[PDB]
4 protein chains.
Amino acid sequence: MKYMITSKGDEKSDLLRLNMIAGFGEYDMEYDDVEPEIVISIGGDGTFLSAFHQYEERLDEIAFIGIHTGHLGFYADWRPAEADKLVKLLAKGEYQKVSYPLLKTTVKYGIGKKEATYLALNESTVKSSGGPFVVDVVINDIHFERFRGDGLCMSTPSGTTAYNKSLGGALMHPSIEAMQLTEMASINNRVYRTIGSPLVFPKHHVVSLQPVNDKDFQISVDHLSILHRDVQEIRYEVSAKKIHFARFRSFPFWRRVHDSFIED
Amino acid sequence: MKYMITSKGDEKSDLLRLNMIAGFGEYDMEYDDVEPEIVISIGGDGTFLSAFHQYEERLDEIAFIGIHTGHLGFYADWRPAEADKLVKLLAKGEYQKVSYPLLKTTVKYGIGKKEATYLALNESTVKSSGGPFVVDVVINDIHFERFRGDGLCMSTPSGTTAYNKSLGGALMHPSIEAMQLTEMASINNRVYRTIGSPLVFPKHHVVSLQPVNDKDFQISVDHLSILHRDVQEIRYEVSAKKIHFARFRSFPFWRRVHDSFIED
Amino acid sequence: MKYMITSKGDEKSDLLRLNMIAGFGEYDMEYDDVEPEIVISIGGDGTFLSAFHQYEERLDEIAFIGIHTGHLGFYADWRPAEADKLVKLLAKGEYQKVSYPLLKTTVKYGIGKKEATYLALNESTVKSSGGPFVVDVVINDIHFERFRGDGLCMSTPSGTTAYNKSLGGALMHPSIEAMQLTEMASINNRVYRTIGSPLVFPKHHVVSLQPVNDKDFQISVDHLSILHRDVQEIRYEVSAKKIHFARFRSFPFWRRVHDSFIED
Amino acid sequence: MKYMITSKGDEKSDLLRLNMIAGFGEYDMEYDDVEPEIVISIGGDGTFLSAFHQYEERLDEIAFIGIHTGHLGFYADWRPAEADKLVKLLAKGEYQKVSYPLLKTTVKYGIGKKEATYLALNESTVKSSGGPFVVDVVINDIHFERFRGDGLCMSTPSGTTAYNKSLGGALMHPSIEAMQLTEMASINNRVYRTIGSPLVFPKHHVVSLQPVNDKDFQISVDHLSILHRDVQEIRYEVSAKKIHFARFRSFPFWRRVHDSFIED
Ligand SMILES: Nc1ncnc2c1ncn2[C@@H]1O[C@H](CSSC[C@H]2O[C@@H](n3cnc4c(N)ncnc43)[C@H](O)[C@@H]2O)[C@@H](O)[C@H]1O
Ligand SMILES: Nc1ncnc2c1ncn2[C@@H]1O[C@H](CSSC[C@H]2O[C@@H](n3cnc4c(N)ncnc43)[C@H](O)[C@@H]2O)[C@@H](O)[C@H]1O
Ligand SMILES: Nc1ncnc2c1ncn2[C@@H]1O[C@H](CSSC[C@H]2O[C@@H](n3cnc4c(N)ncnc43)[C@H](O)[C@@H]2O)[C@@H](O)[C@H]1O
Ligand SMILES: Nc1ncnc2c1ncn2[C@@H]1O[C@H](CSSC[C@H]2O[C@@H](n3cnc4c(N)ncnc43)[C@H](O)[C@@H]2O)[C@@H](O)[C@H]1O
């Protein structure tokens with residue numbers, strides 16, 4: 001099987017990568033970072049996020065695996081001391097695949113424009129180019145609210161433990177095909193009104209943000225953050241595409257949440 | 001078709017009920033409150049909740065409809081001025097059914113006990129008999145947290161706009177088969193830790209609350225509130241059963257939320 | 001100096017108490033639990049709260065000191081291993097007094113009634129006798145809001161780290177003469193509106209709760225919880241009375257908060 | 001008395017300004033925008049904020065008054081229809097002054113640097129230059145927390161109804177000499193910990209933010225927002241300076257809050 005390994009790039013991660021490559025050299029098992037079937041990430045969630053975005057045009061063909069050199073691995077699965085066991089198990093094909101939902105973001109411009117389309121594993125957020133942030137929120141073509149505040153965050157299920165959590169969003173099991181919209185510092189008074197609460201949308205629901213003033217927005221997709229000018233619409237929906245993980249052993253999502261927030 | 005009508009019991013609702021009965025007398029269309037196929041509720045959500053609990057052993061056989069004499073009808077569908085049109089449409093069978101998920105609550109006791117089982121359309125909550133409230137939260141047999149605070153609330157999707165909302169929970173579209181757990185005044189310090197965030201569980205996930213001290217709890221199921229003694233376990237899961245609504249015309253959930261919280 | 005010692009009542013606290021009494025026997029320093037000038041509490045904050053309420057008619061004459069046998073001493077000052085040093089320092093009168101604000105609660109009834117008056121070190125809360133909870137909130141005689149929800153909590157500055165904190169209230173330095181009002185699960189929709197936010201009131205401001213329906217309320221004052229019937233008014237204001245602590249050494253409030261919530 | 005009038009600059013505000021000037025021409029009462037004793041602002045709170053910052057070196061000599069051409073006047077006092085009555089009352093000197101606390105912000109740099117000092121009527125906030133935001137929070141020289149998240153907001157009492165409110169802060173009566181610190185999207189997990197809660201500081205307490213990485217910050221002071229490079233420290237304290245308002249008639253702060261958030 002073709003595989004590749006991304007590293008965080010510190011001494012620890014590089015040496016671990018070299019050892020795994022040497023270990024894989026005893027099997028079959030070819031290193032290929034153009035068309036890999038397995039992508040191993042060694043580092044933290046940031047490294048894992050970069051690996052995902054490196055290969056987003058090949059998601060249907062790849063199973064991802066993370067080794068964490070932290071603290072903190074929501075997309076790890078593995079400790080560095082377990083790397084030899086992982087080489088062994090991965091070479092023997094002793095694994096069942098697990099899929100998580102992804103978020104599609106479409107950014108439509110004026111003139112042309114595009115139509116830029118992005119895929120997120122954690123979330124996409126929108127803020128002003130600074131700038132009061134004011135947008136009309138449209139759900140399946142019905143005007144829902146005029147949002148005023150700092151910005152909005154649209155999260156995948158696996159993303160709910162990240163930025164979503166800090167904003168008061170719910171944690172959602174990744175078997176649920178949904179996206180969740182949270183507010184950043186909404187303004188609520190006698191004249192300005194928002195829902196307040198996070199909103200959880202099923203597949204096929206479309207959430208559209210339309211400028212009120214002010215057509216310039218800072219848009220993030222996971223780690224990536226870009227200033228978009230002359231925006232006519234930002235559009236969110238659950239992607240038809242999914243990320244596939246290689247597992248290996250039981251490590252339930254709720255235990256992962258327990259280990260990350262309660263105690264380990 | 002067999003039908004019945006529950007009324008809130010004020011002059012407005014009773015007279016509306018009598019007129020609808022008279023209107024149904026011109027069709028076929030028999031009044032039967034033992035084995036109805038259609039249950040019409042005239043009042044508010046409280047009246048609707050009582051109608052549901054009146055007929056919870058016949059949920060597979062009944063389509064529910066609500067007329068609101070409020071303000072505030074999340075389970076209405078209809079205004080009193082539209083009652084004649086509703087009589088007409090309901091008699092002609094001009095409707096498609098919509099189903100919403102329900103919550104199963106199991107309360108297990110010591111000695112015997114039971115095993116009391118309840119069905120909720122909005123939510124089930126647990127508080128102490130007063131009493132510090134302390135429970136172990138167990139998700140699919142793994143210990144997740146020791147919760148200390150005022151209590152816990154487990155909501156259906158349609159329930160998310162009710163008690164769940166007041167506690168900071170997410171609003172969830174009712175096409176999603178899930179339940180949501182929210183905290184009431186959790187204690188968080190260096191020694192006591194809870195997740196903080198609401199938690200959204202898919203079908204087949206089981207959330208179990210187990211007493212730490214203190215085996216006496218005040219348990220609510222929608223409007224019903226009962227003191228249970230000598231509790232060994234409280235168990236939550238998405239019910240296999242569903243409530244069926246008769247519709248009639250498009251009134252999307254998100255528009256219902258808009259009309260109820262933003263403006264109408 | 002006259003002193004007394006309350007104990008939590010477990011083996012640890014009782015023996016510590018006996019040793020301190022023996023230690024005080026070597027000074028002057030008379031044990032008197034009728035008219036003490038120093039009240040030592042050995043246990044947790046619960047023990048300390050009971051000691052305070054034991055002597056609330058003598059607050060102007062007493063300096064309080066807490067030794068914690070926890071984890072968790074917001075009203076401790078002292079570890080059990082330091083008890084000998086404390087005996088020594090307290091006998092020599094090597095201490096400056098620190099005062100914290102208190103909360104006055106007045107409960108007015110119908111017929112008669114009373115006028116029951118309570119003093120709180122942490123907070124007073126109000127909930128329904130169960131029961132939807134609905135009250136009119138009146139600030140300095142102006143109608144501010146109709147509150148619907150689970151209840152309300154009025155906290156002292158030192159109380160802000162307790163129930164207040166769990167409800168989303170601000171932590172306030174105890175040098176500020178104020179009280180803070182927080183909501184429990186407020187209902188907010190198109191027809192029902194509350195402020196949402198915690199409210200911080202200075203000295204001489206009066207907050208009055210007046211029944212809308214329903215004149216029966218469960219009222220807590222620190223650990224004490226009582227069902228009051230036929231209530232006409234519940235009235236809150238910063239007390240003219242203060243609790244005095246004996247200190248001893250610098251242990252700033254913010255460090256106390258750090259040690260209790262961040263790390264120790 | 002010397003006075004000046006700032007206008008929002010739309011037709012409505014300019015004409016109102018011209019009429020008030022004409023009205024003041026019948027008294028004594030000289031227009032002077034260099035050394036005014038009365039500053040009238042016609043517009044919204046933004047206009048009022050600009051008027052304040054226009055004259056921040058003369059705060060001890062000026063009484064401010066606002067007329068609102070909104071909706072929304074927390075620093076208005078007056079409707080446009082009342083402008084004639086205001087001209088009359090202001091000319092006769094029929095007013096008592098009211099003072100509100102202000103926030104001092106000190107920004108210290110490396111090399112030199114400065115020491116930039118700012119005065120805020122609403123708040124000062126800090127965010128990264130984008131950028132993960134990580135700062136050490138130091139209260140009166142004791143390390144309190146390492147904050148990770150979007151940013152921090154330090155509010156005056158009158159500022160608590162603004163940005164502070166959106167971030168979950170308490171509303172504080174402006175007779176209380178304090179500042180309030182709120183979090184923007186704090187990260188809390190097993191390894192990263194913040195207090196969560198808003199913090200209310202008395203006069204003479206000093207809150208210092210010290211960079212961990214990353215010495216570049218976007219700092220706001222009311223409407224003003226500036227990118228500061230090579231920051232060594234950001235320092236907050238309640239200013240010795242106060243804003244003085246001219247009043248005129250009773251319009252209590254809590255009624256102002258009611259009118260702005262509940263109903264008018
Ligand atoms: N999925 C997930 N769950 C929990 N924690 C995560 C996750 N993904 C990344 N992280 C953690 O984010 C940290 C930096 S990853 S860089 C990009 C991510 O940063 C996250 N981010 C950005 N601002 C915030 C704030 N303010 N709060 C929480 N998370 C934030 C956002 O989700 C982005 O996708 C690091 O501690 C990771 O362990
Ligand atoms: N599904 C739904 N959404 C929104 N609002 C609802 C819903 N069901 C009922 N209600 C409203 O609850 C009010 C009384 S119904 S009696 C039983 C329900 O009360 C609700 N309850 C109890 N305490 C609270 C609090 N504290 N906050 C919000 N809701 C609460 C809970 O969901 C129970 O199921 C009335 O205004 C109804 O319009
Ligand atoms: N002042 C203060 N700060 C922090 N923690 C405190 C304080 N006073 C007591 N406690 C802690 O409350 C716990 C039980 S004391 S019994 C009475 C107090 O319970 C508190 N209480 C009741 N329900 C709650 C909830 N739901 N959350 C937080 N605190 C609560 C309330 O403040 C009462 O005054 C124990 O861990 C103490 O260390
Ligand atoms: N003091 C006060 N209370 C309530 N509302 C206020 C106040 N001052 C200004 N405003 C309102 O802020 C709006 C724009 S003023 S421009 C500068 C202020 O914007 C405020 N701001 C910036 N971002 C936010 C967010 N996200 N939420 C609330 N307020 C925000 C912040 O307090 C700044 O001082 C307008 O509706 C004013 O009526």
# chains A, B, ... in the order shown; residues from 1 in each chain; ligands from 1
>>> interface_residues(of="chain C", to="chain A", cutoff="10 Å", atoms="only C-alpha atoms", output="list in words")
residues 188, 189, 195 and 196 of chain C
>>> write_last_selection(atoms="C-alpha atoms", output="tab-separated table (two decimals), in the first residue's frame")
chain	number	residue	atom	x	y	z
C	188	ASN	CA	-36.74	34.63	26.36
C	189	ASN	CA	-38.96	34.66	23.28
C	195	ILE	CA	-32.22	41.38	30.67
C	196	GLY	CA	-30.22	38.06	30.39
>>> residues_around(residues="residue 142 of chain A", least_positions_apart="5", cutoff="12 Å", atoms="only C-alpha atoms", output="ChimeraX atom specification")
/A:136-137,205-209 /B:251-259
>>> closest_residue(among="C:60, C:264, C:214, C:150", to="ligand 2", atoms="only C-alpha atoms and all ligand atoms")
C:150
>>> atom_distance(atom1="atom CA of residue 67 of chain C", atom2="atom CA of residue 81 of chain C")
9.7 Å
>>> select_by_dssp(residues="segment 31-161 of chain A", states="strand (DSSP E or B)", output="short mmCIF file (atom, residue, chain, number, x, y, z; two decimals) with C-alpha atoms, in the first residue's frame")
data_model
loop_
_atom_site.label_atom_id
_atom_site.label_comp_id
_atom_site.auth_asym_id
_atom_site.auth_seq_id
_atom_site.Cartn_x
_atom_site.Cartn_y
_atom_site.Cartn_z
CA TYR A 31 6.32 5.73 0.09
CA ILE A 38 -2.60 6.15 3.82
CA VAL A 39 -1.61 9.55 5.21
CA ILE A 40 0.15 9.52 8.59
CA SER A 41 0.42 12.78 10.46
CA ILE A 42 2.99 13.21 13.24
CA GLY A 43 2.50 16.31 15.38
CA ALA A 63 -7.42 6.82 5.14
CA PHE A 64 -5.87 9.23 7.66
CA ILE A 65 -4.02 8.41 10.88
CA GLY A 66 -2.59 10.76 13.53
CA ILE A 67 0.21 10.35 16.04
CA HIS A 68 0.33 13.10 18.65
CA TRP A 78 -1.66 7.37 18.67
CA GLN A 96 -11.72 -0.77 9.71
CA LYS A 97 -12.47 2.70 8.31
CA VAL A 98 -14.49 5.42 10.08
CA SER A 99 -15.92 8.47 8.25
CA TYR A 100 -16.64 11.96 9.62
CA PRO A 101 -18.79 14.68 7.98
CA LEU A 102 -17.21 17.76 6.37
CA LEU A 103 -18.40 21.31 5.74
CA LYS A 104 -18.66 22.89 2.29
CA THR A 105 -18.19 26.68 2.07
CA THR A 106 -19.02 28.57 -1.13
CA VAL A 107 -17.97 32.20 -1.52
CA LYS A 108 -19.70 34.07 -4.37
CA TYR A 109 -18.35 37.42 -5.64
CA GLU A 115 -17.50 30.90 -6.64
CA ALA A 116 -14.59 29.91 -4.49
CA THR A 117 -15.31 26.60 -2.77
CA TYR A 118 -13.64 25.35 0.43
CA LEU A 119 -13.77 22.18 2.49
CA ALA A 120 -13.41 22.31 6.30
CA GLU A 123 -14.98 24.98 10.87
CA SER A 124 -15.35 28.04 8.67
CA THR A 125 -15.79 31.43 10.30
CA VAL A 126 -16.66 34.86 8.99
CA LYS A 127 -15.68 38.23 10.47
CA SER A 128 -15.54 41.78 9.05
CA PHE A 133 -19.96 42.98 11.06
CA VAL A 134 -23.57 42.87 9.83
CA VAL A 135 -25.05 40.04 7.75
CA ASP A 136 -28.46 38.69 6.82
CA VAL A 137 -28.76 35.00 7.70
CA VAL A 138 -30.88 33.07 5.20
CA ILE A 139 -31.85 29.44 5.86
CA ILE A 142 -36.05 32.21 4.18
CA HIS A 143 -34.67 35.29 5.94
CA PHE A 144 -33.99 34.18 9.50
CA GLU A 145 -32.14 37.05 11.22
CA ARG A 146 -30.01 40.10 10.73
CA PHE A 147 -26.84 39.28 12.67
CA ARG A 148 -24.74 42.04 14.22
CA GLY A 149 -21.67 41.27 16.32
CA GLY A 151 -18.73 37.10 13.50
CA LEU A 152 -20.19 33.64 12.96
CA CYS A 153 -18.73 30.13 13.09
CA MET A 154 -19.98 27.07 11.20
CA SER A 155 -18.66 23.81 12.64
#
>>> residues_near_ligand(ligand="ligand 2", cutoff="7 Å", atoms="only C-alpha atoms and all ligand atoms", output="count of residues only")
25
>>> closest_residue(among="C:54, C:7, C:129, C:156", to="ligand 3", atoms="only C-alpha atoms and all ligand atoms")
C:156
>>> residues_around(residues="residue 25 of chain B", least_positions_apart="4", cutoff="12 Å", atoms="only C-alpha atoms", output="list in words")
residues 1, 2, 3, 18, 19, 20, 21, 29, 30, 31, 87, 88 and 91 of chain B
>>> atom_distance(atom1="atom CA of residue 192 of chain B", atom2="atom 18 (C, counted along the ligand's line) of ligand 3")
14.5 Å
>>> closest_residue(among="A:170, A:121, A:199, A:111", to="residue 230 of chain A", atoms="only C-alpha atoms")
A:111
>>> residues_around(residues="residue 59 of chain D", least_positions_apart="5", cutoff="9 Å", atoms="only C-alpha atoms", output="list in words")
residues 52, 241, 242, 243 and 244 of chain D
>>> closest_residue(among="D:247, D:228, D:235, D:190", to="ligand 1", atoms="only C-alpha atoms and all ligand atoms")
D:190
>>> atom_distance(atom1="atom CA of residue 157 of chain C", atom2="atom CA of residue 171 of chain C")
7.3 Å
>>> select_by_dssp(residues="segment 31-217 of chain C", states="helix (DSSP H, G or I)", output="JSON, numbers by chain")
{"C": [45, 46, 47, 48, 49, 50, 51, 52, 53, 54, 56, 57, 58, 80, 81, 82, 83, 84, 85, 86, 87, 88, 89, 90, 91, 158, 159, 160, 161, 163, 164, 165, 166]}
